[PDB]
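These notes are about the structure you will find just below.
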Protein chains: 2
Amino acid sequence: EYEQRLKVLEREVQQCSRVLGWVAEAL
Amino acid sequence: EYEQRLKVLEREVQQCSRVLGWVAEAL
């Protein structure tokens, strides 16, 4: 189960990085 | 034990990303 939860958390960190890069250099 | 320490380090990186995004686009 650690691979599933860790893939979910890495997806969340990737989404937060994309949103922060969006609010920084896309708005 | 690698899953435990790696989940802790990913949580720390997520918290640092949240704090840096806070100081950038929330202050």
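Scheme for the structure tokens: letters A, B, ... for chains in order shown; per-chain residue numbers from 1; ligand numbers from 1 in order shown.
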Legend entry - Neighbour list for residue 9 (chain A) as a PyMOL selection string, cut-off 12 Å, only C-alpha atoms, skip fewer than 3 positions in-chain: (chain A and resi 2-6+12-16) or (chain B and resi 6-15)
Expected file: the selected residues, N, CA, C and O atoms, as a short mmCIF file (atom, residue, chain, number, x, y, z; two decimals), in the first residue's frame:
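After the write, selection-v4.cif holds the following:
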data_model
loop_
_atom_site.label_atom_id
_atom_site.label_comp_id
_atom_site.auth_asym_id
_atom_site.auth_seq_id
_atom_site.Cartn_x
_atom_site.Cartn_y
_atom_site.Cartn_z
N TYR A 2 2.12 1.16 0.36
CA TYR A 2 2.97 2.34 0.41
C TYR A 2 3.22 2.91 -0.97
O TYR A 2 3.31 4.13 -1.11
N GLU A 3 3.28 2.06 -1.99
CA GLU A 3 3.47 2.56 -3.35
C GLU A 3 2.25 3.34 -3.82
O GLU A 3 2.39 4.38 -4.47
N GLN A 4 1.05 2.89 -3.44
CA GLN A 4 -0.18 3.59 -3.82
C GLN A 4 -0.28 4.95 -3.13
O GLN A 4 -0.51 5.97 -3.79
N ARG A 5 -0.09 4.98 -1.80
CA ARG A 5 -0.19 6.26 -1.10
C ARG A 5 0.95 7.20 -1.47
O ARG A 5 0.75 8.42 -1.53
N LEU A 6 2.14 6.66 -1.77
CA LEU A 6 3.26 7.52 -2.10
C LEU A 6 3.14 8.06 -3.52
O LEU A 6 3.54 9.20 -3.78
N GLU A 12 0.06 14.74 -5.75
CA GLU A 12 -0.39 15.96 -5.10
C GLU A 12 0.70 17.02 -5.07
O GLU A 12 0.42 18.21 -5.28
N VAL A 13 1.95 16.61 -4.83
CA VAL A 13 3.06 17.57 -4.82
C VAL A 13 3.31 18.11 -6.22
O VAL A 13 3.63 19.29 -6.40
N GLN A 14 3.16 17.26 -7.24
CA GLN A 14 3.29 17.71 -8.63
C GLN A 14 2.19 18.71 -8.99
O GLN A 14 2.44 19.72 -9.67
N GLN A 15 0.96 18.44 -8.54
CA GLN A 15 -0.15 19.35 -8.81
C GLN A 15 0.02 20.68 -8.09
O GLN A 15 -0.29 21.74 -8.65
N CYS A 16 0.54 20.65 -6.86
CA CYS A 16 0.79 21.89 -6.12
C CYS A 16 1.92 22.69 -6.76
O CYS A 16 1.86 23.92 -6.79
N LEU B 6 10.96 7.66 3.70
CA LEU B 6 10.73 8.36 2.44
C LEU B 6 9.39 9.07 2.45
O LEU B 6 9.27 10.15 1.86
N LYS B 7 8.39 8.52 3.14
CA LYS B 7 7.13 9.23 3.34
C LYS B 7 7.33 10.47 4.21
O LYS B 7 6.73 11.52 3.96
N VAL B 8 8.20 10.36 5.23
CA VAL B 8 8.50 11.52 6.08
C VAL B 8 9.22 12.61 5.29
O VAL B 8 8.90 13.80 5.41
N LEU B 9 10.18 12.23 4.44
CA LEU B 9 10.90 13.21 3.64
C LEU B 9 10.02 13.84 2.56
O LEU B 9 10.16 15.03 2.28
N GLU B 10 9.10 13.07 1.97
CA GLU B 10 8.17 13.66 1.02
C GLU B 10 7.18 14.59 1.70
O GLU B 10 6.79 15.61 1.12
N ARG B 11 6.78 14.27 2.95
CA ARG B 11 5.95 15.19 3.71
C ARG B 11 6.69 16.48 4.03
O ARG B 11 6.10 17.57 3.98
N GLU B 12 7.99 16.38 4.33
CA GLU B 12 8.79 17.58 4.59
C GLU B 12 8.94 18.43 3.34
O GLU B 12 8.89 19.67 3.41
N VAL B 13 9.13 17.80 2.18
CA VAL B 13 9.26 18.55 0.93
C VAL B 13 7.94 19.20 0.56
O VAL B 13 7.91 20.33 0.05
N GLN B 14 6.82 18.52 0.83
CA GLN B 14 5.50 19.11 0.60
C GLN B 14 5.26 20.31 1.51
O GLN B 14 4.71 21.33 1.08
N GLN B 15 5.68 20.20 2.78
CA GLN B 15 5.52 21.30 3.72
C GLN B 15 6.40 22.49 3.34
O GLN B 15 5.97 23.65 3.47
#
Legend entry - Non-local contacts of residue 17 (chain A) (9 Å; only C-alpha atoms; under 5 positions in same chain excluded) as a PyMOL selection string: (chain A and resi 12+22) or (chain B and resi 17+21)
Atoms kept (N, CA, C and O atoms) for selection, written as a PDB file, in the first residue's frame:
ATOM      1  N   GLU A  12       0.064  14.736  -5.752  1.00  0.00           N
ATOM      2  CA  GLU A  12      -0.393  15.960  -5.097  1.00  0.00           C
ATOM      3  C   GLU A  12       0.702  17.023  -5.072  1.00  0.00           C
ATOM      4  O   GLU A  12       0.424  18.211  -5.275  1.00  0.00           O
ATOM      5  N   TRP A  22       1.830  28.158 -11.896  1.00  0.00           N
ATOM      6  CA  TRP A  22       0.770  28.857 -12.612  1.00  0.00           C
ATOM      7  C   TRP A  22       0.514  30.238 -12.016  1.00  0.00           C
ATOM      8  O   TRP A  22       0.461  31.237 -12.743  1.00  0.00           O
TER       9      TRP A  22
ATOM     10  N   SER B  17       7.360  23.203   0.263  1.00  0.00           N
ATOM     11  CA  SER B  17       6.745  23.796  -0.922  1.00  0.00           C
ATOM     12  C   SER B  17       5.540  24.646  -0.548  1.00  0.00           C
ATOM     13  O   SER B  17       5.338  25.725  -1.119  1.00  0.00           O
ATOM     14  N   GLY B  21       5.479  28.626  -1.208  1.00  0.00           N
ATOM     15  CA  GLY B  21       4.348  29.201  -1.917  1.00  0.00           C
ATOM     16  C   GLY B  21       3.576  30.196  -1.069  1.00  0.00           C
ATOM     17  O   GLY B  21       3.055  31.187  -1.587  1.00  0.00           O
TER      18      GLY B  21
END
